[PDB]
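To start, the structure under review is shown below, and the notes come after it.
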Amino acid sequence: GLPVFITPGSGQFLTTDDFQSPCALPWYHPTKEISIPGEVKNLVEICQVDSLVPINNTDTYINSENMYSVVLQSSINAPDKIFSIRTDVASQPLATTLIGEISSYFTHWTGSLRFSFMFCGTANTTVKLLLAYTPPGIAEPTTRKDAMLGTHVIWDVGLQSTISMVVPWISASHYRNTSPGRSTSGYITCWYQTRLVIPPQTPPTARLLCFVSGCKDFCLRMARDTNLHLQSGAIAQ
Amino acid sequence: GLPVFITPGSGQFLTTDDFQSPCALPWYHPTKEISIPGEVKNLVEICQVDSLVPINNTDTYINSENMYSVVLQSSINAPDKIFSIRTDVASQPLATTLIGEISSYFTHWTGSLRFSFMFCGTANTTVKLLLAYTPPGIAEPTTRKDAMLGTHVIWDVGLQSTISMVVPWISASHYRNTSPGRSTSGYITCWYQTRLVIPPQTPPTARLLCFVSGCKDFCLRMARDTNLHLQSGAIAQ
Amino acid sequence: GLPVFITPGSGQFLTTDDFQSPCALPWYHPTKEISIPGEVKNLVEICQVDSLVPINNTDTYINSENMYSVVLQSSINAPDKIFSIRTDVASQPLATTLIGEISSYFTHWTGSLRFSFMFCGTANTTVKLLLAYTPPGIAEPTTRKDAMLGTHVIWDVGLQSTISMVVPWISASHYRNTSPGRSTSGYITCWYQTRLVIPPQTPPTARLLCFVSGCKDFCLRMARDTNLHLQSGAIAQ
Amino acid sequence: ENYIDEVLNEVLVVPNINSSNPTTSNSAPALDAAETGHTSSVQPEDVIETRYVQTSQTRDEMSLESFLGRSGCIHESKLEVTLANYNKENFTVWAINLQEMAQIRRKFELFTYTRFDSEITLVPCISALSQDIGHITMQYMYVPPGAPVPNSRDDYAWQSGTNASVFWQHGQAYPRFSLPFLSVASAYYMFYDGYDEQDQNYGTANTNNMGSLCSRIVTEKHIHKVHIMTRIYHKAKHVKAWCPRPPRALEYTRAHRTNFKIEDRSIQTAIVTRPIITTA
Amino acid sequence: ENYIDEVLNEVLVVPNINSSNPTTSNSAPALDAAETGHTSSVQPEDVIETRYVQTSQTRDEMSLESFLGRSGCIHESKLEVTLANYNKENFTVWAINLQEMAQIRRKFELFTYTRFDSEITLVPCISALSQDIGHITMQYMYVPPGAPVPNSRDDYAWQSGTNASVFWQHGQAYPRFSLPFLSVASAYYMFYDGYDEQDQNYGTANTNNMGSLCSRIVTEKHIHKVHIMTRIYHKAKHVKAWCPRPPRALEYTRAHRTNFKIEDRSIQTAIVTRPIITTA
Amino acid sequence: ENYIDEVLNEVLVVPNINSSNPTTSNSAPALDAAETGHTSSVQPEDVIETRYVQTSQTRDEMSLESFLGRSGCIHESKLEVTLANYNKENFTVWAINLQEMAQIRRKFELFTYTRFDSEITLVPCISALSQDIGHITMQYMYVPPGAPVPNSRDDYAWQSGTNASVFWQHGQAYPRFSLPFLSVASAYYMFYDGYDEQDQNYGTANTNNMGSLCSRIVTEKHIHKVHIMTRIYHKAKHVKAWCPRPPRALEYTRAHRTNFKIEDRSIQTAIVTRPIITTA
Amino acid sequence: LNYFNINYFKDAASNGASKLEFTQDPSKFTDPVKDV
Amino acid sequence: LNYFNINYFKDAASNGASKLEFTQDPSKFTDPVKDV
Amino acid sequence: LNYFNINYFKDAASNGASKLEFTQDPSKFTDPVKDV
Amino acid sequence: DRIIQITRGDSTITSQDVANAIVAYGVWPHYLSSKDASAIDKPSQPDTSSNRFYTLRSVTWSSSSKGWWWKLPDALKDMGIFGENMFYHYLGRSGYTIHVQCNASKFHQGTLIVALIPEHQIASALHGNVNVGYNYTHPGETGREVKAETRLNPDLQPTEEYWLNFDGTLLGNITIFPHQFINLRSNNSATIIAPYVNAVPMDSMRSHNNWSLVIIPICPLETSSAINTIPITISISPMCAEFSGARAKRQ
Ligand SMILES: CCOc1noc2cc(OCCC3CCN(c4ccc(C)nn4)CC3)ccc12
Ligand SMILES: CCOc1noc2cc(OCCC3CCN(c4ccc(C)nn4)CC3)ccc12
Ligand SMILES: CCOc1noc2cc(OCCC3CCN(c4ccc(C)nn4)CC3)ccc12
């Protein structure tokens, strides 16, 4: 018998270990793999797909589909805010989205985010909007001037419905926390660059949709259980 | 003493393990092997031998030898059913047979089955029968037309008593369950293609025997205890 | 610390194991071997030496030296039995002998046995005896004819006192049990081929001695504790 | 060269950000149509003047193997041991599902189909209800569909002639063993849009039927009342999965069904309401 | 190249199904005579137009080694420990058979002759009948035919001078050891069509007599009443078998005899009756 | 080529039986004189017409190493623990002999001289006489001739500064250790035809004096009455022996003496009487 | 430096966690492009 | 990949489960053919 | 196949059971022959 | 090509309708080799005086007959030199050619199963602690008829349950044993050649029967003919028969 010496940790069940273990079904030969389309190798494949942000989370629109669109008015000639969003990604509203829910399965955050916007108004309706990400260490911008001084994209609605802008990863440290709580990653704020113009006899109001995905940039680390789902009771057999 | 670290599972008795173990009879030299005919290396060798199916399982024929034959009548001119069988192999009636009993020692099922039929009537008696396997997702065929639309063999009794037909493995998935219970593997149904014809002064009724084996096709996996045998009391010393 | 996994049997004391173990007297250098005549390497060396069989085990001769000889008479002209013996080797009477006692330390039996006989009568006395081994599946032979139909040696007393005959290993299976109890290995039976003839004025009765050893043939296996010795009380310090 | 590169956890790397310059052109990469069903191709360097940064970050941890490869509880079986001739009772039976505990269920339900070998790990605990405990040994036997199901602490089926059983006794460390991927098809179904032959039981109910995990206390009749609670843990090893689906938004009602509705309770997502959309 | 090919469990393969075509000929492969005692040679491709399918399936698990190579219970020995000077009693004796527990018995009785080495595994459990247990050590000694059989917890034979004994004490893990194939002939007999020298005791009784397994509690007189139940488990290693027989159809009555008849009970196979044969 | 040939246990082989033919000659191999002290040379083929048989049998198991190389009990030391200030008592002392237990004694007494290394294995068992046990640790010290012999559970000699001691505590597995062949001469004497300088103490008493095995309970004064029975087991390793003697025919009376006579009991061998010699 | 790994068991499934191999998309989620 | 195996014991029987070798019939159950 | 053996200890006696070497009589028990 | 002629001794058998023939377990009978042997004496091999066709007393097949069996070497107990060689030695070994013969008309129908089963250890008739008595498994050439009657000494009798193969196993799995079917419309003879088979090189011809021949009709014999009852005849020839350990004759 070989002299051997036992070490701290032995006997212990650690959830995240990987060790070998006798197979209970020896000699069993598993079914052929076959070809199924759409294999996922890596979670980031999902974070990289456009998901719709529940931008309108008011108590009034909550459980409808209208939570997913914002409304623009021809009634307004003005530098008015339309909406704003915390940019951290496990944050509300964006936590519900693909990239959020997944980020919510990790404790660490980094990359650039791709916000794309689709204008759903009449083919003959036109507007120019300002889309702005204001970096952290300051308050959510209260005016068009204040917002525009940051990173922005002026969007002109025309033949192509859509535009994508990006919030660069700009941060003190290489990674960020998915549940920061006090610290912010910045804001993204939408304004009227001109006005929503309409012809005769066409709807005065038009909607706007909002999407997020990650860039090549994006990465998550330190896997943790998700905060966006729970089990209250017991589950029926 | 070498530093070493103990792993989950240790101490455990697992029935299906194979590890080494000191021999309690060291130096003992076992008796010569010698030649005995009929070695079996692999269980499938048995599944490949024709066994007789207890095709007539009525309460009336049960514990006799007559459970093993079916009776044909010259009295009938008609497209009549003679008998039918669930085709799953751990199923009744075929569970009792070689291939069944063995399949009953595993939980998984695949291959083609070879059903052979021997006509035991007078040398001068003649008939033509239809033998049909109707694949799953439909009900046991109620009429000759309905049955014949599936995989079949029209059998003509003549000098050679016997015919073998086969139920191809035709199934959604590569393997099936030996105890499916709700799901079926299909049916095999025997009918009169013509009529049982007889000369003067020869018995009006003739019997029919039925056999199963597996084809080169056949395989079983995931060994489990058998359902076709039990121990109620205790066994005498 | 190296990941390692504990196996069924561990912790156990098995009498027949051989494993290493720390020496409690490290560095100790044992005394020179020297030459002593008569080393034994293997137990069979002993089984191969002639031992005297206690052929006369009657209650009347028991604890004497006379248990070891048989008596021949000039008074008899006849095909009379002289004595007989069970041939199994752990059997009575031969269990007491070298080869028996040792066979009694194993559970398995095989080989040929060498029975040698020494005639102790007067130099001028003469006889011819029949020595017979009757193989199993039949009863101990009751008559000279019955005995002689088996394997035999007709022995003629003359200048050389002794003769050796052998019971061939003849058996169903390669080995036999040293404690068979119901099954027999056969018998060995001694008869008068002629008569014990004497001159004038010489003792009318003469003795006969009987020996056993094993042949090159012989082997024992599966070591077990002996049945020919016990410990009733305790042994004094 | 892959014993090294994965010891500091660096195979699978994230691209660098390149420097970028003032653009003036007819090429509008920021402008696409999301109507196509295609996610935009724009990268930071396309819409803003960026610097060169060498990105050291790693996707290893985000791999399917990292994510499913942690064990979590899939079942809790309580054995309340009675002494009413002790043999009529005192056994668990559990039909085997990844579906009765929400945390791991949500994770695998991120995909439509999944395939993998399994590491089952056991954590038995004896709650002592008498002055003492004594010697408790337990048996866990896997009883695949069709195998004889034990009806008493008694019955022959614990002989486990061909079944796999694993034994635990008080003081022994947590049992563990591995399973090979067990489905009859090429992958496990996390969702099923179909019914049985009888046109009933919508859903996963139909697909993966692994049979049952049966527990029994094996130590013979004795005097101490105890409870034994063995918790079952499951790690996925060697994993592939296909067809990502959106993540479960609501509490789980029932196994093998997507039913979300609950009695006399408002239907409640994890989204959180705001007073007004111009303020974050 | 066989460390690899058996790690994914692929030596021993199943043939492919070839494509097949409309046949018109005097060659009737479907037509044979089963009177010959020969099983038919027909294959799917012979009687039906088949496609080409590459069969990945494996017979490994169906090998004699896989099938007999799982341990199952062959004996249960209960030791009720008394204190009536404690030394007059308190030992098991068991004559060694694969014949007293039905599950493994049925399996090996699938063949006429069998040959193999054995792995015996022990599962002792102390049922505590007093307030406590204390220190229980047990001894198990193999006592081959002819060896002195212990008559008391006392007697010298537990000295085990040349016999093999194995010790267990509470808290130690399940003992295990291996045996070499022990018969005196070339294989073990599962059935025997003959009697003893005395023309008595039909059957296996005659053939394999392994002697006995003897158990004793070795801890000296003490105060706690307990029961010790050691269950014996047996795996076959290194196996060959010959002459397959049909499988046992009925419950087992007695060891070493094929007797099936039982008192005041109908003789009951595992076949199941139908109402009528034109309906499945 | 000897890692292999001894794994199936085949070095040391038995000769084949050759074919033999009808003999007619002046050469009488069956005829010898056993008066010479020589065992006969006759072989089966000499006195009977034999066939050719290839003998596969093996003498390995019959080797001196196989036969002595199994451990068996040589001593049983009971320690009854008192609490009468606990330190005045509670120690074993045993003078070391292979001579106090009959089973191994008979085996080695098959030879006149023997030589070998020893493996001592311990099987301690605590018989609990109180409601409980607590923590029992034991010490076993080898005290060679001349070393100070402990007179109390107390005394300094358990310091064991140069002596070898081995410790056991409840729950620890069976202690074991090896000894090198310890005699002062070239072999151990199983028998001695001589006396001491004083012309007294006939026999083995004189020869092998190994000193003594001393046991003590080391756990300090406590409340539970217990008994500890440590049984000593001995395997011979690396063995040679010389000059075989006939095996002991009668029960053993006393150690170190061949005395067989017992008081008021008939002197009883293992031979068994017959009614008459013409019947077996 | 680097690290040592052997498989101690006869069956595939006993083996520990698999090694990682590159994302190698193809872009089939983000861009399944019929005319590229 | 593949796997490592050594025998740690002196006796045949101690060794673990045997390796598999081909069915290699001959057809002696299904076709023991006197004229083939 | 065959089997692996190393000695783990510094002293002769610690080593396990010895290997077997041939009977090689000489016939000194059965035939110690002064004229052969 | 449905013809067969087998010549064994001074004996030659002929059948004009046969189904091939079967060689048990795919091995032809042989004499016992030097490698496998145990008994070290020179075997006696009677050759033509022993390995020849011995044909036993015939049995009658009727509308009611539910089966029969014989045991080997037992059935040959009283047959010629093979018989005598059987009781003069402890040990013997032999293979056999078994030829079962039943003929009828093209106007009869019936079907027999002819099986040769190794170590056929039958079952006691009743429950509890019974066994089967030596005499009842050693009928000689006459064999056991399955009879519905009450019998002499029932605690010693074997079961009459033939569909249980007498062994407590399902008839109709009776196939994994070497067998043929005699089916009147098709054949006339059944023929089986068997090698010695046993876990030992030679055994006792007296106390152990290596084989049992069992024929039970699985298709009842039906006819409109005047002869509604026909005989089945068994002839079996030992092959490569050898004996050893000779002594006097056991009775
Ligand atoms: C003697 C020990 O036996 C066992 N104790 O605990 C055990 C646990 C076992 O299952 C292994 C993991 C499986 C669970 C089945 N499962 C699925 C399948 C389909 C769906 C829709 N959801 N989940 C996929 C993987 C198997 C055996 C034992
Ligand atoms: C110190 C430990 O001693 C033992 N404890 O438990 C043990 C179990 C043992 O048997 C090993 C397996 C054997 C059983 C005998 N057996 C047969 C033989 C013939 C028939 C007809 N049926 N079964 C074949 C294999 C041997 C020794 C011990
Ligand atoms: C700290 C442990 O110390 C010990 N515990 O148990 C022990 C046992 C020991 O003896 C080893 C075997 C010896 C016994 C002496 N013996 C003889 C010698 C002559 C005769 C005529 N008969 N037998 C030869 C071999 C030595 C030390 C300890």
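If you're wondering about the labels, chains in the structure tokens are A, B, ... by order shown, residues count from 1 in each chain, ligands from 1 in order shown.
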
Around ligand 3, at most 7 Å away and counting only C-alpha atoms and all ligand atoms, which residues are there? Put them as a compact mmCIF listing (two decimals) with N, CA, C and O atoms, in the first residue's frame, please.
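Result saved to selection.txt:
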```txt
# COMPACT_ATOMS: atom_id res chain seq x y z
N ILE F 96 6.05 -13.72 24.48
CA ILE F 96 5.72 -13.96 23.07
C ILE F 96 6.08 -15.34 22.54
O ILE F 96 7.25 -15.71 22.57
N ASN F 97 5.07 -16.11 22.09
CA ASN F 97 5.17 -17.52 21.66
C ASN F 97 4.28 -17.72 20.52
O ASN F 97 3.15 -17.26 20.52
N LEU F 98 4.70 -18.58 19.64
CA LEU F 98 3.76 -19.12 18.69
C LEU F 98 3.08 -20.31 19.33
O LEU F 98 2.41 -21.08 18.68
N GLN F 99 3.30 -20.50 20.61
CA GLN F 99 2.87 -21.74 21.16
C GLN F 99 1.56 -21.84 21.92
O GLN F 99 1.19 -22.91 22.38
N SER F 118 7.96 -11.62 10.06
CA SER F 118 6.58 -11.73 10.59
C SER F 118 5.72 -10.51 10.33
O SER F 118 6.21 -9.41 10.44
N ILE F 120 2.53 -8.91 11.99
CA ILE F 120 1.58 -8.88 13.09
C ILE F 120 0.42 -7.94 12.75
O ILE F 120 0.64 -6.80 12.33
N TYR F 140 0.30 -0.37 22.47
CA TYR F 140 0.95 -1.66 22.46
C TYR F 140 2.44 -1.50 22.24
O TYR F 140 2.85 -0.97 21.23
N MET F 141 3.23 -1.94 23.20
CA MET F 141 4.65 -1.68 23.15
C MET F 141 5.35 -3.02 23.20
O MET F 141 4.94 -3.91 23.95
N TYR F 142 6.40 -3.15 22.39
CA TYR F 142 7.18 -4.36 22.38
C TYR F 142 8.34 -4.20 23.31
O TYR F 142 9.08 -3.26 23.21
N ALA F 164 9.46 0.07 20.32
CA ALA F 164 8.47 0.31 19.31
C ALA F 164 7.13 0.19 19.99
O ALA F 164 6.87 -0.80 20.68
N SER F 165 6.26 1.18 19.79
CA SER F 165 4.88 1.10 20.24
C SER F 165 3.97 1.44 19.09
O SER F 165 4.36 2.11 18.17
N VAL F 166 2.76 0.92 19.11
CA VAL F 166 1.81 1.25 18.08
C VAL F 166 0.56 1.63 18.82
O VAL F 166 0.28 1.04 19.86
N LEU F 179 7.80 -7.47 11.27
CA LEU F 179 9.02 -7.74 11.99
C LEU F 179 10.08 -8.49 11.16
O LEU F 179 9.80 -9.41 10.42
N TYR F 188 14.64 -20.19 13.87
CA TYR F 188 13.91 -20.36 15.11
C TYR F 188 13.87 -21.83 15.37
O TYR F 188 13.73 -22.61 14.44
N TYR F 189 13.95 -22.22 16.62
CA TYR F 189 13.77 -23.62 17.00
C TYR F 189 12.33 -23.98 17.34
O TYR F 189 11.75 -23.44 18.30
N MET F 190 11.73 -24.92 16.62
CA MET F 190 10.39 -25.39 16.98
C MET F 190 10.44 -26.45 18.07
O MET F 190 9.44 -26.76 18.71
N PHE F 191 11.61 -27.04 18.27
CA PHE F 191 11.79 -28.08 19.26
C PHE F 191 13.22 -27.95 19.76
O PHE F 191 14.04 -27.53 19.00
N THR F 204 11.87 -25.83 24.42
CA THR F 204 11.87 -24.57 23.69
C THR F 204 11.92 -23.34 24.60
O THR F 204 12.17 -22.19 24.18
N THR F 207 15.02 -21.58 24.10
CA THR F 207 15.46 -21.03 22.85
C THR F 207 14.92 -19.68 22.58
O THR F 207 15.60 -18.68 22.71
N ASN F 208 13.67 -19.62 22.20
CA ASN F 208 13.27 -18.33 21.72
C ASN F 208 12.41 -17.63 22.76
O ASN F 208 11.29 -18.07 23.20
N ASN F 209 13.13 -16.64 23.26
CA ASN F 209 12.70 -15.66 24.21
C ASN F 209 12.69 -14.30 23.52
O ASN F 209 13.74 -13.66 23.40
N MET F 210 11.51 -13.84 23.15
CA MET F 210 11.37 -12.63 22.36
C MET F 210 11.07 -11.47 23.28
O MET F 210 10.96 -10.32 22.85
N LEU F 213 4.87 -8.61 24.86
CA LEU F 213 3.96 -7.62 24.34
C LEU F 213 3.13 -7.02 25.47
O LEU F 213 2.34 -7.71 26.11
N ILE F 232 -4.25 -10.91 18.62
CA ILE F 232 -3.04 -10.80 17.84
C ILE F 232 -2.96 -11.81 16.73
O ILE F 232 -3.03 -12.98 16.99
N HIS F 234 -0.81 -13.42 13.18
CA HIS F 234 0.56 -13.53 12.63
C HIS F 234 0.73 -14.28 11.33
O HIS F 234 0.48 -15.48 11.24
N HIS F 256 5.80 -24.94 24.94
CA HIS F 256 7.22 -25.16 25.07
C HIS F 256 7.54 -26.56 25.54
O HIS F 256 8.72 -26.86 25.75
```

Quick one: everything within 6 Å of residue 30 in chain I, counting only C-alpha atoms, minus sequence neighbours fewer than 5 positions away in the same chain. Send it as a tab-separated table (two decimals) with C-alpha atoms, in the first residue's frame.
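Now in part_2.tsv:
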```
chain	number	residue	atom	x	y	z
C	49	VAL	CA	7.62	-39.83	1.50
F	38	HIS	CA	14.19	-45.03	0.52
F	39	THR	CA	10.68	-44.37	-0.81
```

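Every chain J residue lying within 9 Å of chain H, based on only C-alpha atoms, is listed here: residues 20, 21, 22, 23, 24, 25, 26, 27, 176, 177 and 178 of chain J.
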
Determine, for each residue of chain G having at least one atom at most 12 Å from an atom of chain B, the closest pair of atoms and their separation in Å to one decimal, counting only C-alpha atoms; order by chain and ascending number, as JSON lines.
```
{"residue": "G:8", "atom": "CA", "partner": "B:19", "partner_atom": "CA", "distance": 11.1}
{"residue": "G:9", "atom": "CA", "partner": "B:18", "partner_atom": "CA", "distance": 9.8}
{"residue": "G:10", "atom": "CA", "partner": "B:18", "partner_atom": "CA", "distance": 9.4}
{"residue": "G:11", "atom": "CA", "partner": "B:17", "partner_atom": "CA", "distance": 11.2}
{"residue": "G:14", "atom": "CA", "partner": "B:17", "partner_atom": "CA", "distance": 11.6}
```

Same residues, N, CA, C and O atoms, output as a compact mmCIF listing (two decimals), in the first residue's frame:
```
# COMPACT_ATOMS: atom_id res chain seq x y z
N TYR G 8 -9.51 8.02 -15.72
CA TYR G 8 -9.30 6.78 -14.97
C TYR G 8 -10.38 5.73 -15.26
O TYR G 8 -10.31 4.62 -14.74
N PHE G 9 -11.35 6.07 -16.09
CA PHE G 9 -12.50 5.21 -16.27
C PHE G 9 -12.82 4.75 -17.69
O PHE G 9 -12.55 5.44 -18.70
N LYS G 10 -13.49 3.60 -17.73
CA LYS G 10 -13.78 2.85 -18.95
C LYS G 10 -14.89 3.46 -19.80
O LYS G 10 -15.05 3.09 -20.96
N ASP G 11 -15.65 4.38 -19.23
CA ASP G 11 -16.79 4.92 -19.97
C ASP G 11 -16.72 6.40 -20.25
O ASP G 11 -16.27 7.15 -19.44
N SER G 14 -17.93 9.05 -17.55
CA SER G 14 -17.20 9.23 -16.29
C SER G 14 -16.25 10.42 -16.42
O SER G 14 -15.95 11.08 -15.46
```

Who sits within 10 Å of residue 72 in chain F, only C-alpha atoms, same chain under 6 positions skipped, as a list in words: residues 15 and 16 of chain C; 158, 159, 160, 161, 162, 163, 164 and 165 of chain E; 101, 103, 104, 105, 120, 121, 231, 232, 233, 234, 235 and 236 of chain F

Counting only C-alpha atoms, which residues of chain J fall within 6 Å of chain B, and what is the closest atom pair for each with its distance in Å at one decimal, ordered by chain and rising number, as JSON lines?
```
{"residue": "J:25", "atom": "CA", "partner": "B:38", "partner_atom": "CA", "distance": 4.8}
{"residue": "J:36", "atom": "CA", "partner": "B:34", "partner_atom": "CA", "distance": 5.6}
{"residue": "J:106", "atom": "CA", "partner": "B:123", "partner_atom": "CA", "distance": 4.8}
{"residue": "J:107", "atom": "CA", "partner": "B:122", "partner_atom": "CA", "distance": 5.7}
{"residue": "J:108", "atom": "CA", "partner": "B:122", "partner_atom": "CA", "distance": 5.4}
{"residue": "J:109", "atom": "CA", "partner": "B:122", "partner_atom": "CA", "distance": 4.4}
{"residue": "J:163", "atom": "CA", "partner": "B:65", "partner_atom": "CA", "distance": 5.7}
{"residue": "J:172", "atom": "CA", "partner": "B:52", "partner_atom": "CA", "distance": 4.7}
{"residue": "J:173", "atom": "CA", "partner": "B:51", "partner_atom": "CA", "distance": 5.2}
{"residue": "J:185", "atom": "CA", "partner": "B:123", "partner_atom": "CA", "distance": 3.9}
{"residue": "J:197", "atom": "CA", "partner": "B:36", "partner_atom": "CA", "distance": 5.9}
{"residue": "J:223", "atom": "CA", "partner": "B:203", "partner_atom": "CA", "distance": 5.9}
{"residue": "J:224", "atom": "CA", "partner": "B:202", "partner_atom": "CA", "distance": 5.4}
```

Could those selected residues go to a file with N, CA and C atoms, as a PDB file, in the first residue's frame?
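In the end it all went to again_20.pdb:
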```
ATOM      1  N   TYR J  25     -25.140 -27.909 -31.732  1.00  0.00           N
ATOM      2  CA  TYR J  25     -24.186 -26.954 -31.205  1.00  0.00           C
ATOM      3  C   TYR J  25     -23.030 -26.845 -32.145  1.00  0.00           C
ATOM      4  N   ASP J  36      -7.446 -32.195 -22.676  1.00  0.00           N
ATOM      5  CA  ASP J  36      -8.678 -32.131 -21.918  1.00  0.00           C
ATOM      6  C   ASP J  36      -8.841 -33.305 -20.958  1.00  0.00           C
ATOM      7  N   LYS J 106     -50.261 -38.714 -46.961  1.00  0.00           N
ATOM      8  CA  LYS J 106     -50.520 -37.334 -47.368  1.00  0.00           C
ATOM      9  C   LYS J 106     -51.905 -36.902 -46.898  1.00  0.00           C
ATOM     10  N   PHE J 107     -52.648 -37.842 -46.348  1.00  0.00           N
ATOM     11  CA  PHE J 107     -53.968 -37.571 -45.816  1.00  0.00           C
ATOM     12  C   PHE J 107     -54.076 -37.430 -44.316  1.00  0.00           C
ATOM     13  N   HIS J 108     -52.934 -37.401 -43.634  1.00  0.00           N
ATOM     14  CA  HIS J 108     -52.883 -37.104 -42.221  1.00  0.00           C
ATOM     15  C   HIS J 108     -52.215 -35.764 -42.035  1.00  0.00           C
ATOM     16  N   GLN J 109     -52.482 -35.138 -40.897  1.00  0.00           N
ATOM     17  CA  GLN J 109     -51.744 -33.950 -40.461  1.00  0.00           C
ATOM     18  C   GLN J 109     -51.345 -34.093 -38.994  1.00  0.00           C
ATOM     19  N   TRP J 163     -45.914 -29.042 -21.215  1.00  0.00           N
ATOM     20  CA  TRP J 163     -45.873 -27.729 -21.823  1.00  0.00           C
ATOM     21  C   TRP J 163     -44.978 -26.863 -20.931  1.00  0.00           C
ATOM     22  N   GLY J 172     -41.774 -24.236 -26.179  1.00  0.00           N
ATOM     23  CA  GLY J 172     -41.942 -23.215 -27.196  1.00  0.00           C
ATOM     24  C   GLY J 172     -40.914 -22.132 -27.082  1.00  0.00           C
ATOM     25  N   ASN J 173     -40.229 -22.102 -25.942  1.00  0.00           N
ATOM     26  CA  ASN J 173     -38.845 -21.657 -25.927  1.00  0.00           C
ATOM     27  C   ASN J 173     -38.000 -22.924 -25.975  1.00  0.00           C
ATOM     28  N   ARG J 185     -47.039 -33.363 -43.178  1.00  0.00           N
ATOM     29  CA  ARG J 185     -47.182 -32.880 -44.566  1.00  0.00           C
ATOM     30  C   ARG J 185     -45.828 -32.699 -45.249  1.00  0.00           C
ATOM     31  N   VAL J 197     -21.300 -33.599 -24.470  1.00  0.00           N
ATOM     32  CA  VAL J 197     -21.330 -32.293 -23.854  1.00  0.00           C
ATOM     33  C   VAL J 197     -21.594 -32.418 -22.351  1.00  0.00           C
ATOM     34  N   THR J 223     -56.800 -37.216 -38.598  1.00  0.00           N
ATOM     35  CA  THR J 223     -57.041 -37.817 -39.917  1.00  0.00           C
ATOM     36  C   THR J 223     -58.473 -38.327 -40.155  1.00  0.00           C
ATOM     37  N   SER J 224     -58.838 -38.431 -41.419  1.00  0.00           N
ATOM     38  CA  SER J 224     -60.041 -39.132 -41.742  1.00  0.00           C
ATOM     39  C   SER J 224     -59.724 -40.555 -42.060  1.00  0.00           C
TER      40      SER J 224
END
```

Strand (DSSP E) residues, from DSSP on the backbone, in range 67-235 of chain C, as a PyMOL selection string: chain C and resi 69-73+81-86+106-110+113-119+128-134+151-156+162-167+176-177+187-192+205-214+219-223

One-decimal distance in Å that lies between CA of residue 146 in chain C and CA of residue 115 in chain C: 20.5 Å

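In this comparison, which uses only C-alpha atoms, the residue of J:93, J:138, J:147, J:42 approaching chain E most closely is J:138.
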
Residue 5 in chain G surroundings by only C-alpha atoms, 12 Å radius, close-in-sequence under 3 positions cut, as a ChimeraX atom specification: /A:19-20 /C:2-3 /D:2-3,7 /G:2,8,15-19 /H:1-4

Contact residues (chain B, partner chain C, 12 Å, only C-alpha atoms) as a PyMOL selection string: chain B and resi 1-15+17-34
